[PDB]
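Below, each chain spelled out in residue letters.
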Amino acid sequence: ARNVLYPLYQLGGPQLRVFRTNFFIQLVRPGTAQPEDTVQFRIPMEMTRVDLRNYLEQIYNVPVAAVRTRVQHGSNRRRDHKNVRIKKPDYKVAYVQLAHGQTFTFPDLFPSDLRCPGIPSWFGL
Amino acid sequence: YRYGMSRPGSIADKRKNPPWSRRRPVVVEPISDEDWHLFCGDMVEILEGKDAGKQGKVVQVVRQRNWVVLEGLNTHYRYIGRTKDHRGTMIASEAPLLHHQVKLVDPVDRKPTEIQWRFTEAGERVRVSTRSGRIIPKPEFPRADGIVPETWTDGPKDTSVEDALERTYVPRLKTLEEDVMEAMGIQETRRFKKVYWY
Amino acid sequence: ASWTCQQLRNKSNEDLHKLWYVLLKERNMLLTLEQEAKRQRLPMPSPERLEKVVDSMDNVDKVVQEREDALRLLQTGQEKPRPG
Amino acid sequence: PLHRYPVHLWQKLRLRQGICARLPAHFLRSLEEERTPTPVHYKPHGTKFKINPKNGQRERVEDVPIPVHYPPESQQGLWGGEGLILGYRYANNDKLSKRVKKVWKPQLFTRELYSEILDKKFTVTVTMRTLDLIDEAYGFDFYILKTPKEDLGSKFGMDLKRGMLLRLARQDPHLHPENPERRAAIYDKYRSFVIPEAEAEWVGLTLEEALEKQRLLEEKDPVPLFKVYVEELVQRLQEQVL
Amino acid sequence: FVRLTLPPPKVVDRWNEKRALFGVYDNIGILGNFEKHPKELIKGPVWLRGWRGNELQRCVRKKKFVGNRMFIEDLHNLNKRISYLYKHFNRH
Amino acid sequence: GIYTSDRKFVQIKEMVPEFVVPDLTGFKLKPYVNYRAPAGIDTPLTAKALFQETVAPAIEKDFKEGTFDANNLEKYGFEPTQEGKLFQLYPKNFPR
RNA sequence: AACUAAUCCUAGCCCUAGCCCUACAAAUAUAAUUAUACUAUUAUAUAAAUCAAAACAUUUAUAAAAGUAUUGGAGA
RNA sequence: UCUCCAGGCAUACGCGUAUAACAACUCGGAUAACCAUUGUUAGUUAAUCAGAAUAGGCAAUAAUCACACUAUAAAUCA
C-alpha cells in the first residue's frame, strides 16, 4: 500500500496486516543481460524488497530465492516549451531470482494515358 | 482554444490549436442546458446554408460552438487520401451548422415550428411546439461504439450476467475488515499501547 | 463494462475484498503488458481494459469506504477517521 | 474599493457576530461599558469661559487630560491611580529656561496587606495613595471590591475582585476554614458585593482568556450518530404510540 | 504603417432614449419651486458632487471624505503624492 | 524495522506488513462486467441507511415491547469504546 | 509582382461608481514541507531623515466663520 | 597496420543524465568527419562497499621500529 498512513507500532502491539494492497508492479524484459531465473520488475519506490518477496509469495504464489533492487534516477534535463524542467518519475527496478530451481523466460508478446498526358482519362472526345 | 469540427485532443485538433496560438477567441452565444433543444437523431430543418430547407437527422453536436451536424446535408466534396502517388479520392464531408440555422420539426406536420421545453406525465422533458402544441418525442440513436448490450457476448475476465446481478450484501454491525476476519478467522490478541494524538 | 458502484454495494463485504484483488491482478497484467509495449515501441491492445479495471477498483474503494465511514459516525460521531 | 465600515467598526462587527455574540451578556456588558478613571494628576479648569484671542470675544473652554503612562508592573500591583509621566520640563518653571528631558517617577513601594475574604496576607507593589484609599475604603478587601477597574488600575486587583466576588457569591466554605462562624461574618460584612456565580467568573477576564473560556465552554465531544438516531427513533415511535 | 483592412461599418442613433432624454429636468430648481437644487442631480464621486477644485484640492477633499474607508496602501500613496503636490504648488 | 545501537538494523516482525490474500476459487466476480448487465445507479450508504436497515428493526420491536433502556444501547450495536477491536473506527489504527 | 519586411484586434489594463469582510492521499516550522520523542517556545519605543527655508540652527501642511487672528530664524 | 607524443588509475568534492543504443542532419561543435546536437528508448543491482539504555566506583609515568636514550614545542573511553 502506497500513499497511506501505516499504524505506529509499540511494544506488544498487533502484527501489521495489509488486507487491501495498493502496490502495483509490472514485469519487464531485462534491459541488461540477466540469468534466466532472474526477473526484472518495476515497482513503486515506497515498496521494500521484503515486501516484494511477500508480495510474490502470497499474491502470486511465486517462489523467490534472491532479490536485488536498484533506484533509477529520473532525468530532469527535459524542458517544456516554457523552458521549465520536466522530471521523469523515478522507478525502482527489482532483480528477483526464482527458487526451487524454477527458471523464467520472457514471453514473446506482440509476435491518364502515358502517350497522352494532361488529358484526363474521362474524356472520350 | 478554438473548438473545431475535429474532436478535442485529436491530432487535427492540435494543429488547429497549437500551444503557441494566441488568435482572437471566437465568441459563441452561451446556451443554457434547458435552452438547448437539439440532440443527436433529431429531425430538423436547415433555416439557412447550402441545403437550407432540407430536413435532416442530427448525428453530431458540438455544443461549445453551438454546431449541429446533419448527415448528408450541407455536405461539401473534398479529397481523401491525397498523396504523392495519387491525387486523392473525392468524398462528401458534412459542414457544421449553427443552432440558429436549424429548427425542430413537428412529426405530424413537417415545418420549422418553434418549440418550448415542458415536462410530461412520466417527468421526462419534451420539447413542445409553441404553435400547434405537440410532444416531440426524444429520438432513438444507435450506440456510438456500435455495441448492442443484448448482443454482447462475455469475453475472458468478463462476468456472466447472473453473477453481476447477484446481491450478497447483508446489513450487519461489522465493517468490511471485520467481515473478512470472520470468514477467514483472523484473531489478534495484541493491543497497541497508548498513543497521544496531537 | 466496468463494475458500477451500486453493483459493488450489492456485493458482500467479503466479496468486495475478494473482487479488489481480482481487479488488481488484471490491472497488473495490463500494466505488465503495457510496459513491455513501451519497450517494444508498440501500441497496447484494447487500452480501455485498464481504464475499466481502474474504474471498477475506484468504485470498490469508495463503496468499502462508505460502509466504514457510516459505522464510524454511528459509533463515534466523528466525520473524519483521523483526529484533527 | 472602500470599506463600508471604518476600522473601528470592524471590532464592533466581530463582537456582534460569532463566538463573541455567544459570550455571556453580563460579561459583554462589562466589556462594553467604559468608565473614566478618577483624575489624579490633572484637575478640571476652574473657569468655564475665557477671552478668545483671535476674535477678542469670550469663548467656551475645554479640558485636556494630562498624559500619564501606566507601566504593566502597575497591573501586577495595586497603584492608587498613579503613573509614570514622560515628557519635557523647563527648569525653574519658566519657558525661557532650557528644556531638559525628564521622566517623573512616583515613589513606588512593596508592602503586605491582609485580606479577610481570602484569609491571607499578600505582599504587593503599592503606593501611599492606595494605602489611604484602602483606609478610605474601610479595608483592603473593600478597596478591591468597591473600586472600579479603571480607578483600581490593577489587573491583579481585578484578579482579586474576581476571586472575592466568586467567594462571596458561592458562600464557599473555603473562607476561614474550620471557623464556620467566622466565615458567616465575613460574608455578611461583604454581603453588598454578592453577585451571581456566572457573572463573578468573568470579572476581570482578558479578551484572549474570555475567548478561550467561551471556546472551552462551547466545545463538546461529538455525539455518536448512533445515539442521535436512537433518540430520534424512540421519540418518533413514542409519538406514534400516543 | 497604416491599416490594409477596412474598419467595421458603424451607425449611431441620435434619437436613442439616452440622447433623447438627455438634459430633462435640468431646470428642476426653477421649474420645481426650488425644492431641489440642480446641483442635487450631479452623479459622480462623493467628494466632488456639486463642488469643484484644482487637482490638489480634489485629492485633499477625497482624503477627508473617504479617509476612514481608504486602503492603507492607497492612503500611503496619496500622502506621498500629496507631499509632492504641496511642495510644487506652494513653493514653485 | 528499528535501528538499534551500533548502527545495526533490527527488523521488527510486527511492523512488517503481512499480505492478506483472498481465495479466488469459486468467486464469480471478475475484472469486467457484461455490457448486458445494466449500469447501477449510485446510492452511497450512509449512517441513517445503516441504522435504519439493522438497528431500527431491533429498537422498533423492543420499544413496542417496552424493553428499552440506556444500559442495553450496546445490545443494538453501540460500542462504548473502540478499544479491543483490531480495526478501530476512530482514531483509525488499521491500514487498508 | 521581391528580397528583407510590412499588414491586423484582443491579450489585457485605468479611473470612478457600487460593494467592506466573515473563499485528494501524503508531508510540514525539526534542516518547514523528513510518517513517532532530541532542542522548549517569542515581534515592537515619538518614525526619522531626506526635504522647504534657494546654505543652515528653532521651525517645515500631510459647510460657513476663514486663509480673518495669532504664532513663527515674524521666514519658509 | 605504421609514425610519433608521455601523468595515468581510483576515491573525495562538484555536477545531475552530459551516460548507452537507435533514428535524424534543421539547430549546438565557433568547419567537416563524427557527435558532446535534435527525437525516442533503455540504464547504476550490496548483511561483506558507503550513509542513516541507565546509575555508581576508579585512573600519576607521550611518541619517535620504544629497548637503551635523552630532550622540549609537553604529546592517552577502558
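What counts, and where the lines are drawn
- Residues numbered from 1 in each chain as written, not as in the entry; some residues may be left out.
- Chains lettered and ligands numbered in written order.
- Part of a larger assembly, values for the part shown.
- Heavy atoms only, no water.
- Near = heavy atom within 4 Å.
- Polar contact = N/O pair within 3.5 Å; in protein donor to acceptor, adjacent residues only side chain to side chain.
- Nonpolar A, V, L, I, M, F, W, Y, C, P; charged D, E, K, R; others polar.
- Axes fitted to C-alpha atoms, helices over the stretch in contact; angles between N-to-C directions.
- Helix = DSSP H or I, 4+ residues; strand = E, 2+ residues; numbered from the N terminus.
- Parallel < 35°, antiparallel > 145°, perpendicular 65-115°, else oblique.
- Left-handed = near helix turned anticlockwise from the far one by under 90°.
- Contact = heavy atoms within 4.5 Å.
- Salt bridge = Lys/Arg side-chain N within 4 Å of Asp/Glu carboxyl O.
- Buried < 20%, exposed > 50% of the residue type's maximum accessible area, 1.4 Å probe, protein only.
- Patch = residues over 30% accessible without salt bridge, like charges linked within 9 Å, V, L, I, M, F, W, Y side chains within 5 Å.
- Areas by Shrake-Rupley, 256 points an atom, 1.4 Å probe, with all protein chains shown as cover.
- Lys, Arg positive; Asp, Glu negative; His and termini not counted.
- Charge placed at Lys NZ, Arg CZ, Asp CG, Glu CD.

This entry, as listed in the PDB, derives from cryo-EM and reports a resolution of 4.63 Å.

A. Representation of the protein's contact with RNA strand G within the structure. Close contacts around RNA strand G come from 39 residues, with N3(A), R3(E), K62(E), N79(E) and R91(E) the closest. Backbone sugar and phosphate groups make up 60% of those atoms of RNA strand G lying within 4 Å of the protein. For RNA strand G, a base oxygen lies 2.7 Å from a polar atom in the side chain of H3(D). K54(D) places a polar side-chain atom, nitrogen or oxygen, 2.9 Å from a base oxygen of RNA strand G. Within the surface near RNA strand G, the residues separate by chemical class into 18 nonpolar, seven polar and 14 charged.

B. Region of the structure containing the packing of helix α2 (residues 13–40) of chain C against helix α3 (residues 48–76) of chain C. All names here are of chain C. Put simply, α2 and α3 touch, their axes get as near as 9 Å, and they point 155° apart. Between α2 and α3, the angle falls in the class roughly antiparallel. The handedness of the crossing between α2 and α3 is left-handed. Along the contact surface, α2 presents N13, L16, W20, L23, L24, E26, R27, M29, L30 and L31, while α3 presents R49, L50, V53, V54, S56, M57, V60, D61, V63, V64 and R67. Of the residues contributing to the contact of α2 with α3, the split by class is 14 nonpolar, two polar and five charged.

C. Region of the structure containing the protein's contact with RNA strand H. In the neighbourhood of RNA strand H, 23 residues make up the surrounding shell, with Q34(A), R68(A), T69(A), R77(A) and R41(C) lying closest. Sugar plus phosphate: this is where 62% of the atoms of RNA strand H within 4 Å of the protein reside. Contact between RNA strand H and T69(A): a phosphate oxygen at 2.6 Å from a main-chain N or O atom of the residue. For the surface near RNA strand H, the element with the most residues is strand β4 (residues 64–72) of chain A, which contributes four residues. Split by residue class, the surface near RNA strand H holds three nonpolar, ten polar and ten charged.

D. Expanded view of the arrangement of the chains. The pair of protein chains exhibiting the most contacts, out of nine pairs of chains in contact, is chains C and F. There is a gap between chain A and chain D: no contact, and a shortest C-alpha distance of 24 Å. The closest approach of any C-alpha atom in chain A to one in chain E is 32 Å; the two make no contact.

E. Representation of the pattern of salt bridges within the structure. Within this structure, the stated rule accounts for 41 salt bridges over all chains. The partner of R29(A) in a salt bridge is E36(C), and the shortest N-O contact between them spans 2.5 Å. You can see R29(A) sitting in the loop between β2 (26–28) and β3 (38–43) and its partner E36(C) sitting in helix α2, one on each of two chains. Taking the relative accessible area as the measure of exposure, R29(A) reaches 25% and is therefore partly exposed. The exposure class assigned to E36(C) is buried, which follows from its relative accessible area of 2%. Between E218(D) and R22(D) there is a salt bridge, with the nearest N and O atoms lying 3.0 Å from each other. One end of the pair, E218(D), is in helix α11 (residues 207–218); the other, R22(D), is in helix α2 (residues 19–22), with 196 residues separating them in the sequence.

F. Quick peek at a positive patch on the surface. Residues and elements named next belong to chain B. On the surface, a cluster of positive charge is made up of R15, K16, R23 and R24. Along the polypeptide, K16 turns up in helix α1 (residues 11–16). The class of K16 is partly exposed, set by a relative accessible area of 40%.

G. Broad picture of unusual backbone geometry. Omega for the peptide link from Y90(F) to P91(F) comes to -5°, which places this bond in the cis form. With respect to the helices, strands and loops of the structure, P91(F) is situated in the segment after α1 (47–65). For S46(C), which is not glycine, the phi dihedral falls at a positive 50°. The topology assignment puts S46(C) in the loop between α2 and α3. Residue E178(D) is not a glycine yet carries a positive backbone phi of 60°. Note that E178(D) resides in the loop between α8 (155–170) and α9 (180–189). Residue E178(D) is classed as exposed on the basis of its relative accessible area, which comes to 78%.

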